[PDB]
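Enquirer: Structure provided below as C-alpha cells; questions to follow.
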Amino acid sequence: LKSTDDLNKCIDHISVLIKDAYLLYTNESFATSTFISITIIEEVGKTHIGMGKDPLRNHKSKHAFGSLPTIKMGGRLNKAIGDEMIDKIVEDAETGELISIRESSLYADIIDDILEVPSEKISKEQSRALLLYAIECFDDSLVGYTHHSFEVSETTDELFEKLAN
Amino acid sequence: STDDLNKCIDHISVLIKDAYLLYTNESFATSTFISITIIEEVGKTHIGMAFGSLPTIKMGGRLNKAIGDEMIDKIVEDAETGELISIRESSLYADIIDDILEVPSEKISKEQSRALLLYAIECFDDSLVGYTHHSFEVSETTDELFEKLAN
C-alpha cells in the first residue's frame, strides 16, 4: 500500500470479507466462516510484508502470518476471548497450524483412512474466536489513518460487540 | 462406503447453501470463490470412488435456459485452460498487477457469479445425484435453490 487511495481500497475489500464471515457465522456455517476469518488474517498480514502463480507464494503466505502485530493487553479482544486463546491463535499463526486449520475448514480429506469433513473439525467457539481476532487485527493495522476508515470501523465495531456478547 | 459418499454430498450441499447465501447478500466475489471450489470438490469426490468432472450439457436443458449456450462454452473453456483457477484467486485475494491494486469487487460480475453457481449446482446434480438414496433428498433442496437463482 503506497497511497491513501490504495489503503481505502484494501479497507473496503477486508470490510466485505468481515461482513461475509459474520454472515456465514450467523447462518451456522462455522467451517466456511472460519475459512474467510483466516483469509482476513492473511490479507492484513500481507500489508506488513509489503508486495495466482507467484514463485514465492507460500513464503509470502508464511511471512504474512508471522508479521501480525502483537495485540495489547486490556483491549476488547482480551475481554471477549481471554489471553490464553489469543496466545493459541498467535502460536498457530507463527507455526502455520492456521494454514492447516484453513485447509480443514473448506476441503474434505482422508487422514489415516477415515474421511474428515470441515463440518466436524471446526467448532462454533473457534469460528467466533478467529472472527474476533480477524476484526481486531484489521482495526489495529488499517483503521484510523483515513477519514473513510471511521465510517467502515463504525459498522466493524457493531459486528465486534454483537459477536463478543 | 455409502456413508462416506453421503458425508461428502452433505459437505457439498453446505458449500452450495453458502455460495447461495453470499450471492443473495451481494458478495458476488466471495460467492464465486465458493462456487469454483464446489466444482473442484465435485471432480475430486467423483474420482475418489484440473476439473475432472464437467457435466455433459443437454440442449434446451435447465442450465442452457438459465445462463445461455455462450456462457457454458466460456466456463468449460476456462476450466480446460486453467483460467478458472486464476478467476478463483482474483475472487478472494487483492493483488498488485502492473503497479495498480486490484480487488475482487472489480474482477467478478453478478452475471458471472450467477452463472458459476448455477454451473456448480448442475456439476453436482450430474456427477453425484443417484448413487445413494440420500443424494435424492439433497438434490431436491439444490433444485429449489437452482430455480430461485435462475429467475
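Reconstructed Cβ throughout: ideal geometry from the backbone, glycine too, with neighbour counts over all protein chains shown. We did not get these values from a lab; they are worked out from the coordinates using the rules stated.
Enquirer: Net charge near A:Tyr107, counting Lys/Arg +1 and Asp/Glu -1 over other residues with Cβ under 11 Å of its Cβ? All intermediate terms of the calculation are to be shown ahead of the outcome.
Expert: Values: positive: A:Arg102, A:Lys121, B:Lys44; negative: A:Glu103, A:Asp109, A:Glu116, B:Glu40, B:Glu41.
Neighbourhood net charge equals -2.
Enquirer: Within a 10 angstrom radius of each residue's Cβ in A:13-24, how many Cβ atoms of other chains show up on average? Whole number is fine. Display every interim value, and only then the final one.
Expert: Values: counts 10, 2, 0, 7, 5, 0, 5, 11, 1, 0, 7, 8.
Mean shielding count: 5.
Enquirer: Using every Cα-Cα pair within the stretch B:2-150, state what percent have a distance larger than 19 Å. Provide the component values of the computation, followed by the final result.
Expert: Working: 5643 of 11026 pairs.
When all Cα pairs of the stretch B:2-150 are counted, 51 percent exceed 19 Å.
Enquirer: With only alpha-carbon pairs counted, each pair once and no self-pairs, how large is the Kirkwood hydrodynamic radius of the stretch A:12-84 in angstroms? Don't skip to the answer; put the middle values down first.
Expert: Working: mean 1/r = 0.0715 Å⁻¹.
Kirkwood hydrodynamic radius for the stretch A:12-84: 14.0 Å.
Enquirer: For the peptides B:91-101, B:21-31, what is the packing order when you average, over each peptide's residues, the other Cβ atoms within 10 Å and list the highest mean first? Don't skip to the answer; put the middle values down first.
Expert: Numbers: B:91-101: 14.7, B:21-31: 21.8.
Result, highest mean Cβ count within 10 Å first: B:21-31, B:91-101.
Enquirer: Counting other beta carbons within 10 Å of each residue's own, what order do B:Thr132, A:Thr70 fall into, fewest first?
Expert: Ordered from fewest to most neighbouring Cβ atoms within 10 Å, B:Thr132, A:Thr70 come out as A:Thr70, B:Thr132.
Enquirer: Size of the dipole of the stretch B:17-151 about the Cα centre, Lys and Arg at +1 and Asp and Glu at -1 on the beta carbon, nothing else charged, in debye to 20? Walk me through the numbers before you get to the answer.
Expert: Details: 11 positive and 26 negative charges, 84 e Å.
Dipole magnitude for the stretch B:17-151 comes out near 400 debye.
Enquirer: Can you give the convex hull volume of the alpha carbon atoms of the protein assembly as shown per residue, in Å³?
Expert: Values: hull volume 45.4 nm³, N = 316.
Spelled out: Cα convex hull of the protein assembly as shown, divided by residues, is 144 Å³.
Enquirer: Report the convex hull volume per residue for the stretch A:106-155, counting only C-alpha atoms, in Å³. Provide the component values of the computation, followed by the final result.
Expert: On the way: hull volume 5.2 nm³, N = 50.
Output value, Cα hull per residue: 105 Å³.
Enquirer: Right, next: To the nearest µm²/s, what D does Stokes-Einstein give for the stretch B:31-70 at 25 °C and 0.890 mPa s, using the Kirkwood radius over alpha carbon pairs as Rh?
Expert: Values: Rh = 11.6 Å.
After rounding, the answer is 211 µm²/s.
Enquirer: With Cβ to Cβ distances under 11 Å as the rule, what net charge do the other residues near B:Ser127 carry (K, R +1; D, E -1)?
Expert: Details: positive: B:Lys44; negative: B:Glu41, B:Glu122, B:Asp125, B:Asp126.
Local charge sum for B:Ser127: -3.
Enquirer: Which FRET efficiency value, to the nearest 0.05, do you get for B:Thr141 and B:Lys74 by plugging their Cβ-Cβ distance into 1/(1 + (r/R0)^6) with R0 = 41 Å? Don't jump to the answer; show the numbers that get you there.
Expert: On the way: r = 28 Å, r/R0 = 0.67.
That gives a FRET efficiency of 0.90.
Enquirer: Could you work out [θ]222 nm for the protein assembly as shown from helices alone, using -39500 (n - 2.57) per DSSP H run of at least four and dividing by all its residues? Round to the nearest 500 deg cm²/dmol. Write down the numbers at each step before the final one.
Expert: Values: 15 runs with 227 residues, N = 316.
Taken over the protein assembly as shown, the calculation gives -23500 deg cm²/dmol.
Enquirer: When you look at the Cβ of every residue in B:92-101, what mean number of other chain Cβ atoms sits within 10 Å? Can you show the working numbers first?
Expert: On the way: counts 9, 6, 10, 4, 5, 0, 0, 1, 2, 10.
The per-residue average across the peptide is 5.
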